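Visitor: Provided herewith is a single structure, encoded as structure tokens, for subsequent inquiry.
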Amino acid sequence: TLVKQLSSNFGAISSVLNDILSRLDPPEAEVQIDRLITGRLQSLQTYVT
Amino acid sequence: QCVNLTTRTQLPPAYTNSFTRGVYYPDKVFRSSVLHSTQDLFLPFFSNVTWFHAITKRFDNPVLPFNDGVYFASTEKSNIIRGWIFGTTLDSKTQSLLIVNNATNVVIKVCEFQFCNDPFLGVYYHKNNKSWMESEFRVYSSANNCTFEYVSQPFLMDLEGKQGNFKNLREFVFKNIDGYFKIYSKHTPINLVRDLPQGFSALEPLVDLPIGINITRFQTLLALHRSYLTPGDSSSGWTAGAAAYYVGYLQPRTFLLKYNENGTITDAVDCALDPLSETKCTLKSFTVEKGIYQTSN
Amino acid sequence: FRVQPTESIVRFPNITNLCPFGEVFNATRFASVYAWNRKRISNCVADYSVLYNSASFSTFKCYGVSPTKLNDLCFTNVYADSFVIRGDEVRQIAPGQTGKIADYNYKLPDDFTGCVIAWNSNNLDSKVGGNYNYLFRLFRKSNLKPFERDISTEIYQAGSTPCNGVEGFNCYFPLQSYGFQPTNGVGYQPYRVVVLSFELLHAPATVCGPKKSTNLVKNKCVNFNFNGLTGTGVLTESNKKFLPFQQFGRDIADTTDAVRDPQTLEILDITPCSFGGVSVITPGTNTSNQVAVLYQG
Amino acid sequence: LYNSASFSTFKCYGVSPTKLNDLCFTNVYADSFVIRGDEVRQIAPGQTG
Ligand SMILES: *[C@@H]1O[C@H](CO)[C@@H](O)[C@H](O)[C@H]1NC(C)=O
Ligand SMILES: *[C@@H]1O[C@H](CO)[C@@H](O)[C@H](O)[C@H]1NC(C)=O
Ligand SMILES: *[C@@H]1O[C@H](CO)[C@@H](O)[C@H](O)[C@H]1NC(C)=O
Ligand SMILES: *[C@@H]1O[C@H](CO)[C@@H](O)[C@H](O)[C@H]1NC(C)=O
Ligand SMILES: *[C@@H]1O[C@H](CO)[C@@H](O)[C@H](O)[C@H]1NC(C)=O
């Protein structure tokens, strides 16, 4: 389940970080980065608990 | 001009049951030894598939509705089935895709076609030389405007008026999504003609075309065999060979696909056919242990 | 611990065709908004250098992609939509915006991924007495779905009075002439607006950036770019068998582990470079200052 | 009133004539006068005479 949670969008345009980085400029990209960061951090917290 | 077929016997269409046939690769990705689950248009297992037969002077080219999708499977020996017409109005008022295979180049073009009431292909056996030629090509009348045309390489086949048992099984799936015409094909040798055999045969994609027209009706093209012992008229002497093709309709369904080591789809399981099938879909396994499980709400 | 990449490689298809931007932008006859024209572009290298130069371009807005990066990644099925709208309406042709023209004519999906290019037209699309060739719809029963066209010409029904041919009270034709004139203000001048839509839609890619392809190096931790796919891992020869239509590979985790080289059509595996972990052991600062380093993996 | 069709002219400016009861108004004011046949165009928004 931890590994499968890695593929979700969490609201970003794409799940893969590299696709977001290449397609979008830095100023616009960081929001899409923030979505993924929050989602993955929450998944890690759940697993640890 | 187009000759009109006459004196043809009309019979009610029979019904037969499919047996877990019609699974195709849904993507270009390669997977091995993975129980992947996908959601797309599929032919549900054990479905009610209409069965047509062509054989006194029994003939049938009904204009069947296209619906969301079509599973066209024809078992034949003499290749009496040649091509399919895909049009909405079928009266040269709207674009009508024409896929026809003949002795000449395979013709896959979209144009405004004034299709006649009976678009039947005709192959005549000549007496000057012992060869079969398509003396009749009066399927349509004219093609004023042609938006897109694609002519492939010529294909040669032995066309004869034989009533023997079918030698091969050909399966085709047609889908019209996002303006792209997708055709999946498979070719499996077969000898039994009673019904479709059991088993799973994955269909590999054949070709994709950007026709970009919406289709509501389609019609199959059946060749007519006229030998030197027959007058060759549409009234008499037009007796065609034995023909059997099955038409099924796709629906939105969820399948669980099994890939072996080489990447081929050996088996599949529906997720709405039975409670046991739903349980196997939930657990993502083909075997279920003793116990009690919660499938849905 | 980490292993750092040494070199970078790019593997793009070898395409010599150049996409005809001339027809798209510099067209003598330019379509109307009521019936917008769609052009399909494929199998050509697209140079977007001219686009960000902004030569005589009033508005250059890109959604979902950055114009500077447009000549890097690689796409499929470039669409071009041409239509003519009034000078104060170019703003409303944008994702998530509703307006009189947008609801009753060409509209953009909320998930649009493309660039909107607009430039002003002074008198090329204007007449001294008013250009009435261009038409727009101000009436419609139901708002259009994304990427829809209307060819119907019927009188709109208002109230209980029948319309669509029964002309009378509360019967107005939805189509109206724009009436462009060179004497009007800047906000009433016709503007030529072209919409580009970009989608991958499959593994194969047709329109690719003018970036040169370098040689191939194997068995070294390097940066690889296959048809716009960016990653970092060692590249080795692969024994995995791909069916001819298949182009990529995926594992259980769904990350790419194999890919086909576009130039040479050779299957090669991808393996991530080793990272591991570092642990340092000490007999104690009091006893000595020597340490031993353990690498986990 | 819209379906009555007893009015030679039934034009709504700034609001949809078909959907008028749907929208509530804080205050409604009515002005009444009878003019000639060549003066209806004069009584219109953006019209001067
Ligand atoms: C298919 O439907 C027909 C009625 O349309 C029915 O008579 C027939 O039994 C059905 N097929 C099967 C295998 O039950
Ligand atoms: C074929 O296209 C031309 C060009 O617009 C058109 O004038 C003609 O009417 C079309 N033919 C038919 C049968 O509509
Ligand atoms: C399909 O084509 C027919 C042609 O008569 C048209 O009436 C219908 O609106 C079309 N449907 C869609 C969804 O475009
Ligand atoms: C994969 O292909 C090889 C070579 O044809 C064959 O030996 C092997 O049995 C196949 N594996 C399957 C079909 O699972
Ligand atoms: C180191 O060991 C000696 C001997 O016991 C002791 O006197 C000294 O305080 C120790 N120093 C530290 C930093 O542990």
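Residue numbering for chain C follows Swiss-Prot, covering 318-614 in order.
Each Cβ is built from the backbone N, Cα and C atoms, and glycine gets one as well.
Summarising the annotation, Swiss-Prot assigns disulfide bond to C:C336-C:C361, C:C379-C:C432, C:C391-C:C525, C:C480-C:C488, C:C538-C:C590 and lists experimental evidence as the type of evidence. Annotated O-linked glycosylation site per Swiss-Prot: C:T323, C:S325, in sequence order, evidence recorded as experimental evidence. Per Swiss-Prot, the feature N-linked glycosylation site maps to C:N331, C:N343, C:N603. Residues or ranges marked as region 'Disordered' by Swiss-Prot on the basis of a curator's inference: C:319-335, C:455-490, C:519-541.
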Visitor: So which residues does the region 'Disordered' (C:519-541) touch in its own chain, when a touch means Cβ under 8 Å and the partner is 6 or more beyond its ends?
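Guide: Result: 320-332, 336, 358-364, 387-395, 547-554, 563-565, 578, 580-581, 585, 587, 590.
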Visitor: If you measure from the Cα of C:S325 (O-linked glycosylation site), which of the recorded positions C:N343, C:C391, C:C538, C:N603 is the nearest?
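Guide: Result for C:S325 (O-linked glycosylation site): the nearest of the recorded positions is C:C538.
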Visitor: Between the Cα atoms of C:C488 (disulfide bond) and C:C432 (disulfide bond), find the distance and write it as a whole number of Å.
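Guide: With distance taken Cα to Cα, C:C432 (disulfide bond) is 39 Å from C:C488 (disulfide bond).
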Visitor: Within 10 angstroms of the C-beta of C:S325 (O-linked glycosylation site), what count of other C-beta atoms is obtained when all protein chains are considered?
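Guide: Around the Cβ of C:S325 (O-linked glycosylation site), 13 other Cβ atoms lie within 10 Å.
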Visitor: Between C-alpha atoms, which of these disulfide-bonded residues comes nearest to C:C480 (disulfide bond): C:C336, C:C391, C:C525, C:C538, C:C590?
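Guide: It is C:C336, whose Cα lies nearest.
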Visitor: What recorded positions among C:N343, C:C379, C:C391, C:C432, C:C525, C:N603 are found with a C-alpha within 10 angstroms of that of C:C361 (disulfide bond)?
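Guide: Checking each Cα against C:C361 (disulfide bond), the hits are C:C525.
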Visitor: On the DSSP side of things, how many residues of the region 'Disordered' (C:455-490) fall into helix, strand and coil, could you say?
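Guide: DSSP classes over the region 'Disordered' (C:455-490) add up to 0 helix, 4 strand, 32 coil.
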Visitor: Could you check which of the recorded positions C:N331, C:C336, C:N343, C:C379, C:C538 is the closest Cα neighbour of C:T323 (O-linked glycosylation site)?
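Guide: Closest by Cα distance to C:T323 (O-linked glycosylation site) among the recorded positions C:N331, C:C336, C:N343, C:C379, C:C538: C:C538.
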Visitor: Can you tell which of C:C432, C:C480, C:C525 has the least company, meaning the fewest other C-beta atoms within 10 angstroms of its C-beta, among these disulfide-bonded residues?
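Guide: Comparing Cβ neighbours within 10 Å for the disulfide-bonded residues C:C432, C:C480, C:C525, C:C480 has the fewest.
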Visitor: Over the span of the region 'Disordered' (C:519-541), count residues by DSSP class, listing helix, strand and coil in order.
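Guide: Going through the region 'Disordered' (C:519-541) residue by residue, I get 0 helix, 4 strand, 19 coil.
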Visitor: Helix, strand or coil for C:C391 (disulfide bond)? Use DSSP.
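Guide: Its secondary structure by DSSP: strand.
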Visitor: Using a Cβ cut-off under 8 Å and a sequence separation of 6 or more, which residues in the same chain sit near C:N331 (N-linked glycosylation site)?
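Guide: The list for C:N331 (N-linked glycosylation site) reads C:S530, C:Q580, given in order along the sequence.
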Visitor: Please report the number of other Cβ atoms within 10 Å of the Cβ of C:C361 (disulfide bond).
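Guide: Here the count is 16.
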